[PDB]
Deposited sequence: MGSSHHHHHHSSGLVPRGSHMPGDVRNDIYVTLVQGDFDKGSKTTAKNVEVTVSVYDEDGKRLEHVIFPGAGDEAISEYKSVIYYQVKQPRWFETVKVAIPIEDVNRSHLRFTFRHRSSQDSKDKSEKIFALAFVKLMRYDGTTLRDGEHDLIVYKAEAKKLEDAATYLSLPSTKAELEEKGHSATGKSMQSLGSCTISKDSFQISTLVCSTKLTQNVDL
């Protein structure tokens, strides 16, 4: 198998008509080219139990969250070239009072394999934070065809692409393969 340590480093968000920060939650998942999720390949903490979905710490009204959370992704070498990491961002109110159906507002992703048959480069990645309607946001067929990192976007300021809004929000991760 293969071990890929994925670190949620930090992000920078805003809201607009809400002159008050969001309580951003990041959900990490491993998906394949067809938009189907890979099950039980995420190993947080001690790494004794695998999950398919990981949720970060929510930093209440913090415009620039610094998660610095590391999870271990372990996927068979046979499934590495068809997989990618998907990061979903959501706002939670954590009120004992139900009011907002807090849904996904943004998404970021990174492919494990390059078009060079070479796995993902170790180090930090400045992911592009894309926004669009809920459902359209989760279409691997869509975003998989768009720039993954800002280093990639520049090798082509863009505020929209393929109908996807390229947010001013920022998100950074760090990867390490083994």
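- Missing from the model relative to the deposited sequence are positions 1-25, 182-188, 211-220 (no C-alpha coordinates, numbering from 1).
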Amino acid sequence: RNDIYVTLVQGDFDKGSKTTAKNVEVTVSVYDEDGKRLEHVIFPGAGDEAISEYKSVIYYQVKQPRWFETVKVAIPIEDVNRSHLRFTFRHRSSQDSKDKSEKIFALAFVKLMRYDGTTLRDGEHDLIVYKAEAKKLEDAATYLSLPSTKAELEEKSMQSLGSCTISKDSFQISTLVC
From here on, numbers count along this sequence of modelled residues.
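- The stretch with the higher mean CA B factor, choosing between 83-91 and 100-108, is 100-108.
- Relative to its counterpart among 161-169 and 9-17, 9-17 has the higher mean temperature factor, C-alpha atoms as listed in the PDB entry.
- The PDB entry assigns the greatest CA B-factor among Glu53, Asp32, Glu152, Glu69 to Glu152.
- The PDB entry assigns the greatest CA B-factor among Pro147, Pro65, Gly117, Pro44 to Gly117.
- The PDB entry assigns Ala140 a C-alpha temperature factor belonging to the middle third of its chain's modelled residues.
- For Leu127, the recorded CA B-factor ranks within the lowest third of the chain. Only modelled residues enter the ranking.
- In the deposited entry, the Cα temperature factor of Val57 sits in the bottom third of values across the chain's modelled residues.
- Compared with the other modelled residues of the chain, the Cα B-factor recorded for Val28 ranks in the lowest third.
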